[PDB]
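Just the one chain here, laid out as structure tokens, in the form deposited without its partner chain.
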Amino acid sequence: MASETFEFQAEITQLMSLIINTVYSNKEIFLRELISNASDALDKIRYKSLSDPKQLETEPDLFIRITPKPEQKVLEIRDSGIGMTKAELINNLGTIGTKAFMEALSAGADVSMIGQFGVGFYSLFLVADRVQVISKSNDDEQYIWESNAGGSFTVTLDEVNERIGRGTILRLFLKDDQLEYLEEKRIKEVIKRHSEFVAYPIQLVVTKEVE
């Protein structure tokens, strides 16, 4: 199953590089941004479903789910939102707001503003050096978009991950110094602090050895 490679729009590559290298202290803001995106996508499939009810049948439950995978130093944020087609992943995430945030930043702006420029997605590079966005739109097959903050990303038809009925998974490969975001306590503390007013259930998946 062959990967396709695409070039990032120049300013996006610009944004990603300063973030992956930054010494900024409050890296935990990435989670609010990703939950905010998840909530948005859930709004869209819900609003969409107002006039097209069958759009919900691929995954009737509306949720945001966070799943620590300690062994792989991975953190996943899933939602059963509207999802993105292959062409949406390519367009939305790489090939097409941005520059103005970098300008605000260089003047003293707090990266927490990132979401107000519409580019909070990229805040994930505060805690991760690599990401896979796995997405299933009702309108397309399941696809994997992958980036390590370089100048190019890949998109691959998904034959390796669990089927999500509909929606998007952000699979973050955490940096070695950022492994705290795998911890149930840390995660819950960050959720409560910055994501108080979310319309959808936020589920936390915890793995505990029984005794």
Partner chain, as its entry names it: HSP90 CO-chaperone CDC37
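Numbering follows the first chain given and starts at 1. Rigid core (definition): largest C-alpha set, two forms, superposition within 1.5 Å. Only residues modelled in both forms are compared.
Here the subject shifts to the form solved in complex with its partner chain, a form of this protein not shown in this document.
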Quiz item: Just to confirm, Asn91 within 4.5 Å of its partner chain in the entry with it bound by heavy atoms?
Solution: no
Quiz item: For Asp139, is any heavy atom within 4.5 Å of its partner chain in the entry with it bound, or not?
Solution: no
Quiz item: Does its partner chain get within 4.5 angstroms of any non-hydrogen atom of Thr95 in the entry with it bound?
Solution: no
Quiz item: Given that the partner is absent here, does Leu126 sit within 4.5 Å of its partner chain in the entry with it bound, heavy atoms only?
Solution: no
Quiz prompt | The single option of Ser36, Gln178, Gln55, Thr156 touching its partner chain in the entry with it bound, heavy atom within 4.5 Å | solution = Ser36
Quiz item: Within 4.5 Å of its partner chain in the entry with it bound: all of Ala10, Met16 and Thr22, by heavy atom?
Solution: no
Exercise. Could you list the residues in 68-90 that come within 4.5 Å of its partner chain in the entry with it bound, counting only heavy atoms and keeping sequence order?
Key: none
Quiz item: Superposing on the core, what residue ranges of at least 3 consecutive positions move by 2 angstroms or more in Cα between this form and the one not shown?
Solution: 106-108
